[PDB]
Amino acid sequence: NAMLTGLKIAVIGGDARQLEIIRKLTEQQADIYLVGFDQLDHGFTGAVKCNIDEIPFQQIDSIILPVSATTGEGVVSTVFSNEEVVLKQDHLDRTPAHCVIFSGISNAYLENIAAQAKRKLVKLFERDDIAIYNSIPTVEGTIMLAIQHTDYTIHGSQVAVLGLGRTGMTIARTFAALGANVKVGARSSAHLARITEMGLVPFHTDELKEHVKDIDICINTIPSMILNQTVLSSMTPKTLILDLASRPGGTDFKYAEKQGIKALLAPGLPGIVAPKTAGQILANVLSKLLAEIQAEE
């Protein structure tokens, strides 16, 4: 019922997730340009496969890069093409004023050539809805890791979730629902109250030492050094640390290794564990945002 006819999009690069986007945009009758897909028989009606120097940027209303957009040299990551794909300044200049670029995470090079071309760059992984929606595949990732790195059942174990942010809330809820005894560490009184209303056990992150002495699994959400040497000193090798924070994560890895503590940094859970879902999530937010651009012209 909601359409995107009279828009012209370039999908440059991607993985299993971009397929969901492409699927979505063709359902919404956008005019689609595909670069980085020459190998795959996607089965996507109407879509036109070409290189980056054969895209008519003059007419392009939007560019959809992959989640981790570009390397140093600015090469776009493809998985369904052998030909290396590179995004240049010049490409973004040939582009209308109202043209918006979409990517997942930050990148000095992409922010550069976008500020330089005076074109808007939306960093999806920074919106709340994307983080929140993405917490779902990320719990499922976390559950998966815990199941396969322990000899015991999640149910009835002692589980700490560090931080009650957009994902922490989801991790703690789902772990509790799975039957674990879940405790949560936060700092704001608001988070501590919510924890208790959710029926969980709250501790302040100042007391992290005392509250992880004897826990079975410790899941970190805090994008900072919280699982410091002083705190790991109190832990036993009975504890699995699943650290979900963005690199360099939240835990003194060298020290843990020393103490015989398995501490895993697990970047990119959604893409790894549920690409159809991870993909549908971006596709849906993207279809909402593109629609707004279209209503204005």
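All residue numbers are counted from 1 along the displayed sequence.
The PDB entry reports B-factors from which the mean C-alpha value can be compared for 189 to 197 and 72 to 80; the larger average falls on 72 to 80. Comparing 268 to 276 with 28 to 36, the higher mean C-alpha B-factor in the PDB entry belongs to 28 to 36. When the Cα B-factors of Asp216, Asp93, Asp151, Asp206 are read from the PDB record, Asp93 comes out highest. Between the residues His211, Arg127, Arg119, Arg166, it is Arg119 that shows the highest Cα B-factor in the PDB record. The deposited CA B-factor of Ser106 belongs to the highest third of values across its chain. When the modelled residues of the chain are ordered by C-alpha B-factor, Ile113 sits in the highest third. When the modelled residues of the chain are ordered by their C-alpha B factor, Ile136 lands in the lowest third. Looking at the C-alpha B-factors along this chain, the one for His98 belongs to the highest third.
The entry lists a Cα temperature factor for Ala176 that places it in the lowest third of the chain's modelled residues.
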